[PDB]
$ cat coords.txt   # compact mmCIF, C-alpha atoms
# COMPACT_ATOMS: atom_id res chain seq x y z
CA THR A 1 8.38 11.05 -54.04
CA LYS A 2 4.71 12.05 -54.17
CA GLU A 3 5.08 14.05 -57.38
CA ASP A 4 6.42 10.91 -59.06
CA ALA A 5 3.36 9.05 -57.79
CA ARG A 6 0.93 11.70 -59.06
CA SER A 7 2.73 11.82 -62.39
CA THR A 8 2.67 8.03 -62.61
CA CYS A 9 -1.02 7.93 -61.75
CA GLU A 10 -1.92 10.55 -64.35
CA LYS A 11 0.24 8.96 -67.05
CA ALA A 12 -1.21 5.58 -66.11
CA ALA A 13 -4.71 7.06 -66.28
CA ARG A 14 -4.09 8.42 -69.77
CA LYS A 15 -2.56 5.10 -70.84
CA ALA A 16 -5.61 3.35 -69.40
CA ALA A 17 -7.96 5.76 -71.19
CA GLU A 18 -6.21 5.33 -74.55
CA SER A 19 -6.53 1.54 -74.41
CA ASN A 20 -9.92 -0.17 -74.67
CA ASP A 21 -8.81 -3.39 -72.96
CA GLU A 22 -9.63 -3.39 -69.24
CA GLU A 23 -6.66 -5.48 -68.11
CA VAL A 24 -4.46 -2.60 -69.22
CA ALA A 25 -6.45 -0.23 -67.02
CA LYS A 26 -6.32 -2.63 -64.07
CA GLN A 27 -2.57 -3.01 -64.52
CA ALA A 28 -2.21 0.77 -64.80
CA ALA A 29 -4.17 1.19 -61.56
CA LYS A 30 -2.08 -1.45 -59.79
CA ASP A 31 1.09 0.32 -60.95
CA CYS A 32 -0.27 3.69 -59.82
CA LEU A 33 -1.04 2.27 -56.38
CA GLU A 34 2.32 0.48 -56.18
CA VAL A 35 4.26 3.67 -56.93
CA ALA A 36 1.90 5.53 -54.60
CA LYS A 37 2.80 2.96 -51.93
CA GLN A 38 6.52 3.30 -52.65
CA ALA A 39 6.20 7.09 -52.65
CA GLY A 40 4.44 6.71 -49.31
CA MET A 41 1.34 8.38 -50.72
CA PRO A 42 -2.12 7.41 -49.43
CA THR A 43 -3.89 5.06 -51.84
CA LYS A 44 -7.04 7.18 -51.65
CA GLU A 45 -5.30 10.34 -52.85
CA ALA A 46 -3.50 8.33 -55.52
CA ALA A 47 -6.76 6.88 -56.82
CA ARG A 48 -8.30 10.35 -56.57
CA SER A 49 -5.59 11.96 -58.69
CA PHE A 50 -5.92 8.96 -61.02
CA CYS A 51 -9.67 9.49 -61.40
CA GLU A 52 -9.30 13.23 -61.92
CA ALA A 53 -6.55 12.62 -64.49
CA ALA A 54 -8.75 9.97 -66.10
CA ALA A 55 -11.68 12.37 -66.36
CA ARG A 56 -9.32 15.01 -67.74
CA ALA A 57 -8.14 12.54 -70.38
CA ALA A 58 -11.64 11.34 -71.25
CA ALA A 59 -12.59 15.00 -71.66
CA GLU A 60 -9.59 16.00 -73.79
CA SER A 61 -10.01 12.82 -75.86
CA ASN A 62 -13.42 13.98 -77.06
CA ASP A 63 -14.54 10.37 -77.62
CA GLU A 64 -17.58 8.67 -76.09
CA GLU A 65 -15.93 5.30 -75.40
CA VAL A 66 -12.85 6.77 -73.73
CA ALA A 67 -15.41 8.16 -71.30
CA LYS A 68 -16.62 4.67 -70.38
CA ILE A 69 -13.07 3.34 -70.22
CA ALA A 70 -11.96 6.24 -68.02
CA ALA A 71 -15.01 5.64 -65.85
CA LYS A 72 -14.40 1.94 -65.29
CA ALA A 73 -10.68 2.63 -64.82
CA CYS A 74 -11.39 5.26 -62.17
CA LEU A 75 -13.75 2.86 -60.44
CA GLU A 76 -11.12 0.13 -60.90
CA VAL A 77 -8.31 1.98 -59.15
CA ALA A 78 -10.92 3.10 -56.62
CA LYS A 79 -11.83 -0.54 -55.94
CA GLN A 80 -8.10 -1.28 -55.98
CA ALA A 81 -7.27 1.50 -53.51
CA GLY A 82 -10.11 0.75 -51.09
CA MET A 83 -11.56 4.20 -51.79
CA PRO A 84 -15.35 4.69 -51.77
CA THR A 85 -16.95 4.67 -55.22
CA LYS A 86 -19.19 7.67 -54.52
CA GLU A 87 -16.05 9.69 -53.76
CA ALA A 88 -14.33 8.46 -56.91
CA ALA A 89 -17.35 9.28 -59.04
CA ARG A 90 -17.75 12.72 -57.49
CA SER A 91 -14.09 13.61 -58.04
CA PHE A 92 -14.27 12.25 -61.59
CA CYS A 93 -17.40 14.29 -62.34
CA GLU A 94 -16.03 17.50 -60.84
CA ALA A 95 -12.69 17.14 -62.64
CA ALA A 96 -14.59 16.34 -65.83
CA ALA A 97 -16.73 19.45 -65.44
CA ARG A 98 -13.64 21.56 -64.80
CA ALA A 99 -11.84 20.16 -67.84
CA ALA A 100 -15.00 20.69 -69.88
CA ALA A 101 -15.14 24.25 -68.59
CA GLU A 102 -11.47 24.74 -69.47
CA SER A 103 -11.82 23.32 -73.00
CA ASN A 104 -14.70 25.69 -73.75
CA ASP A 105 -16.37 23.24 -76.15
CA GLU A 106 -19.96 21.97 -76.09
CA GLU A 107 -18.89 18.66 -77.60
CA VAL A 108 -16.36 18.17 -74.83
CA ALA A 109 -19.11 19.27 -72.43
CA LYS A 110 -21.50 16.59 -73.68
CA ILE A 111 -18.66 14.07 -73.47
CA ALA A 112 -17.93 15.20 -69.91
CA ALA A 113 -21.57 15.02 -68.86
CA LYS A 114 -22.06 11.58 -70.39
CA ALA A 115 -18.80 10.44 -68.81
CA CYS A 116 -19.65 11.73 -65.33
CA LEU A 117 -23.15 10.26 -65.42
CA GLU A 118 -21.72 6.97 -66.67
CA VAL A 119 -19.27 6.89 -63.75
CA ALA A 120 -22.15 7.67 -61.41
CA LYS A 121 -24.16 4.90 -63.06
CA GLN A 122 -21.39 2.34 -62.62
CA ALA A 123 -20.49 3.69 -59.18
CA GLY A 124 -23.92 3.64 -57.54
CA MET A 125 -24.26 7.40 -57.15
CA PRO A 126 -27.67 8.81 -58.21
CA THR A 127 -27.80 10.58 -61.58
CA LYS A 128 -29.21 13.61 -59.75
CA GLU A 129 -26.32 14.04 -57.31
CA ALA A 130 -23.80 13.41 -60.08
CA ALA A 131 -25.43 15.93 -62.40
CA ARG A 132 -25.67 18.43 -59.55
CA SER A 133 -22.00 17.91 -58.67
CA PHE A 134 -21.05 18.40 -62.32
CA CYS A 135 -23.09 21.56 -62.82
CA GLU A 136 -22.09 23.03 -59.47
CA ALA A 137 -18.44 22.25 -60.21
CA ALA A 138 -18.75 24.08 -63.52
CA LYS A 139 -20.44 27.07 -61.87
CA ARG A 140 -17.80 26.99 -59.12
CA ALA A 141 -15.01 27.11 -61.70
CA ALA A 142 -16.77 29.93 -63.54
CA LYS A 143 -17.15 31.91 -60.32
CA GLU A 144 -13.56 31.26 -59.24
CA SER A 145 -12.36 32.50 -62.63
CA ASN A 146 -14.50 35.62 -62.11
CA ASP A 147 -15.19 35.64 -65.86
CA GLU A 148 -18.46 35.46 -67.78
CA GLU A 149 -17.16 33.77 -70.94
CA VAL A 150 -16.50 30.84 -68.59
CA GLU A 151 -19.93 31.18 -67.01
CA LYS A 152 -21.24 30.68 -70.54
CA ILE A 153 -19.65 27.27 -71.17
CA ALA A 154 -20.49 26.45 -67.56
CA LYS A 155 -24.18 27.13 -68.23
CA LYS A 156 -23.94 25.21 -71.52
CA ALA A 157 -22.42 22.30 -69.62
CA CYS A 158 -25.19 22.47 -67.03
CA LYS A 159 -27.78 22.47 -69.83
CA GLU A 160 -26.09 19.45 -71.43
CA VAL A 161 -26.08 17.58 -68.12
CA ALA A 162 -29.70 18.58 -67.57
CA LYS A 163 -30.62 17.10 -70.95
CA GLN A 164 -28.54 13.98 -70.24
CA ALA A 165 -29.93 13.23 -66.78
CA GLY A 166 -33.40 14.25 -67.93
CA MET A 167 -34.17 16.52 -64.98
CA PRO A 168 -34.68 20.09 -66.28
CA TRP A 169 -34.61 21.55 -62.77
CA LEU A 170 -30.81 21.62 -62.84
CA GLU A 171 -30.61 24.24 -65.59

$ encode --input "coords.txt" --output "structure tokens"
Amino acid sequence: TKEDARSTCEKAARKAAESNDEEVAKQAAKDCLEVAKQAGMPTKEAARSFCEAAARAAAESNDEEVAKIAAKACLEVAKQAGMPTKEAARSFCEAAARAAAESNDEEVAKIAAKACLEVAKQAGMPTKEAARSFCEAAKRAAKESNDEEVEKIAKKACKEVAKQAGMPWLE
């Protein structure tokens, strides 16, 4: 079943984020893909859900290393699933921005920004596009919510990313 696969990929992502050893993350990815294969789920979508879950975890963890681990893990399952890295990184960043928007915490926002940009860095996506994806994802979430208190943390997140990437023109 696909829901099993998604669940497995998310759980695996969290388990990969919690651990600092990479082999654990690689194994987790391999398991995610295996169950995704058994469930008859496309590897791309599996790796996608894995990356989004990983970003979610790295966000909710509120630690700066879990960001890196989640990044490499996302890129790992991406490399494992034959998914493009730009895609992976974009999904990771967007999911990270959303989580950061949902947490409503500037710390988490900084973590998310750093994480996203780190994924981008390791992935080969420009810091600009990554930052832009992040910010725009935040603003998108804020707009979809149709609430200003969300637009606030969204703007804060954008500011954080702007500081991080070092290109003020974002926000």

$ residues_around --input "coords.txt" --residues "residue 115 (chain A)" --least-positions-apart "5" --cutoff "7 Å" --atoms "only C-alpha atoms" --output "ChimeraX atom specification"
/A:67-68,71

$ residues_around --input "coords.txt" --residues "residue 75 (chain A)" --least-positions-apart "2" --cutoff "10 Å" --atoms "all atoms listed in the file" --output "mmCIF file with C-alpha atoms, keeping the file's coordinate frame"
data_model
loop_
_atom_site.group_PDB
_atom_site.id
_atom_site.type_symbol
_atom_site.label_atom_id
_atom_site.label_comp_id
_atom_site.auth_asym_id
_atom_site.auth_seq_id
_atom_site.Cartn_x
_atom_site.Cartn_y
_atom_site.Cartn_z
ATOM 1 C CA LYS A 26 -6.320 -2.630 -64.070
ATOM 2 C CA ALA A 29 -4.170 1.190 -61.560
ATOM 3 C CA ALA A 47 -6.760 6.880 -56.820
ATOM 4 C CA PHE A 50 -5.920 8.960 -61.020
ATOM 5 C CA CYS A 51 -9.670 9.490 -61.400
ATOM 6 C CA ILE A 69 -13.070 3.340 -70.220
ATOM 7 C CA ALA A 70 -11.960 6.240 -68.020
ATOM 8 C CA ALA A 71 -15.010 5.640 -65.850
ATOM 9 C CA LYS A 72 -14.400 1.940 -65.290
ATOM 10 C CA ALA A 73 -10.680 2.630 -64.820
ATOM 11 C CA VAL A 77 -8.310 1.980 -59.150
ATOM 12 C CA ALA A 78 -10.920 3.100 -56.620
ATOM 13 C CA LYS A 79 -11.830 -0.540 -55.940
ATOM 14 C CA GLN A 80 -8.100 -1.280 -55.980
ATOM 15 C CA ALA A 81 -7.270 1.500 -53.510
ATOM 16 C CA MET A 83 -11.560 4.200 -51.790
ATOM 17 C CA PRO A 84 -15.350 4.690 -51.770
ATOM 18 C CA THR A 85 -16.950 4.670 -55.220
ATOM 19 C CA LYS A 86 -19.190 7.670 -54.520
ATOM 20 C CA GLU A 87 -16.050 9.690 -53.760
ATOM 21 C CA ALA A 88 -14.330 8.460 -56.910
ATOM 22 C CA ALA A 89 -17.350 9.280 -59.040
ATOM 23 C CA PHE A 92 -14.270 12.250 -61.590
ATOM 24 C CA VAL A 119 -19.270 6.890 -63.750
ATOM 25 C CA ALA A 120 -22.150 7.670 -61.410
ATOM 26 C CA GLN A 122 -21.390 2.340 -62.620
ATOM 27 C CA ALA A 123 -20.490 3.690 -59.180
#

$ residues_around --input "coords.txt" --residues "residue 1 (chain A)" --least-positions-apart "6" --cutoff "9 Å" --atoms "all atoms listed in the file" --output "list in words"
residues 35, 36, 38, 39, 40 and 41 of chain A

$ closest_residue --input "coords.txt" --among "A:4, A:63, A:106, A:118" --to "residue 152 (chain A)" --atoms "all atoms listed in the file"
A:106

$ residues_around --input "coords.txt" --residues "residue 9 (chain A)" --least-positions-apart "4" --cutoff "7 Å" --atoms "only C-alpha atoms" --output "NGL selection string"
:A and (5 or 13 or 32 or 46 or 49-50)

$ residues_near_point --input "coords.txt" --point "(-29.9, 15.4, -67.3)" --cutoff "12 Å" --atoms "only C-alpha atoms" --output "number ranges by chain"
A: 110, 113-114, 116-118, 126-135, 157-171

$ closest_residue --input "coords.txt" --among "A:143, A:30, A:156, A:48" --to "residue 6 (chain A)" --atoms "all atoms listed in the file"
A:48

$ atom_distance --input "coords.txt" --atom1 "CA of residue 153 (chain A)" --atom2 "CA of residue 104 (chain A)"
5.8 Å

$ build_atoms --input "coords.txt" --residues "region 140-163 of chain A" --atoms "N, CA and C atoms" --output "compact mmCIF listing (two decimals), in the coordinates of the input"
# COMPACT_ATOMS: atom_id res chain seq x y z
N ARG A 140 -18.86 26.66 -60.07
CA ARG A 140 -17.80 26.99 -59.12
C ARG A 140 -16.57 27.48 -59.86
N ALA A 141 -16.15 26.72 -60.87
CA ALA A 141 -15.01 27.11 -61.70
C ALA A 141 -15.25 28.49 -62.31
N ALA A 142 -16.42 28.66 -62.93
CA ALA A 142 -16.77 29.93 -63.54
C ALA A 142 -16.67 31.08 -62.55
N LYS A 143 -17.20 30.88 -61.35
CA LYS A 143 -17.15 31.91 -60.32
C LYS A 143 -15.72 32.19 -59.88
N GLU A 144 -14.95 31.13 -59.65
CA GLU A 144 -13.56 31.26 -59.24
C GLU A 144 -12.75 32.03 -60.27
N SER A 145 -13.02 31.76 -61.55
CA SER A 145 -12.36 32.50 -62.63
C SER A 145 -12.78 33.96 -62.64
N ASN A 146 -13.97 34.25 -62.12
CA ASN A 146 -14.50 35.62 -62.11
C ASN A 146 -14.63 36.16 -63.53
N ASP A 147 -15.01 35.28 -64.46
CA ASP A 147 -15.19 35.64 -65.86
C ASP A 147 -16.50 35.07 -66.40
N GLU A 148 -17.15 35.83 -67.27
CA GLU A 148 -18.46 35.46 -67.78
C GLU A 148 -18.37 34.46 -68.94
N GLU A 149 -17.37 34.65 -69.79
CA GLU A 149 -17.16 33.77 -70.94
C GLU A 149 -17.00 32.32 -70.46
N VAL A 150 -16.58 32.16 -69.21
CA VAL A 150 -16.50 30.84 -68.59
C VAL A 150 -17.87 30.43 -68.06
N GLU A 151 -18.58 31.40 -67.50
CA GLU A 151 -19.93 31.18 -67.01
C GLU A 151 -20.82 30.68 -68.14
N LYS A 152 -20.53 31.15 -69.35
CA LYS A 152 -21.24 30.68 -70.54
C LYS A 152 -21.11 29.17 -70.74
N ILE A 153 -19.89 28.70 -70.96
CA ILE A 153 -19.65 27.27 -71.17
C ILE A 153 -20.09 26.48 -69.95
N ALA A 154 -19.97 27.08 -68.77
CA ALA A 154 -20.49 26.45 -67.56
C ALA A 154 -21.99 26.21 -67.67
N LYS A 155 -22.73 27.24 -68.06
CA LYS A 155 -24.18 27.13 -68.23
C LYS A 155 -24.52 26.14 -69.35
N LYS A 156 -23.75 26.17 -70.44
CA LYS A 156 -23.94 25.21 -71.52
C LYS A 156 -23.75 23.79 -71.00
N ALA A 157 -22.71 23.60 -70.20
CA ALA A 157 -22.42 22.30 -69.62
C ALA A 157 -23.57 21.85 -68.73
N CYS A 158 -24.03 22.75 -67.86
CA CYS A 158 -25.19 22.47 -67.03
C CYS A 158 -26.40 22.05 -67.86
N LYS A 159 -26.70 22.81 -68.91
CA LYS A 159 -27.78 22.47 -69.83
C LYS A 159 -27.60 21.06 -70.39
N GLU A 160 -26.41 20.78 -70.91
CA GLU A 160 -26.09 19.45 -71.43
C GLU A 160 -26.38 18.37 -70.40
N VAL A 161 -25.85 18.55 -69.19
CA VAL A 161 -26.08 17.58 -68.12
C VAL A 161 -27.56 17.45 -67.81
N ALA A 162 -28.27 18.58 -67.84
CA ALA A 162 -29.70 18.58 -67.57
C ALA A 162 -30.42 17.73 -68.60
N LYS A 163 -30.07 17.93 -69.87
CA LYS A 163 -30.62 17.10 -70.95
C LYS A 163 -30.29 15.63 -70.72
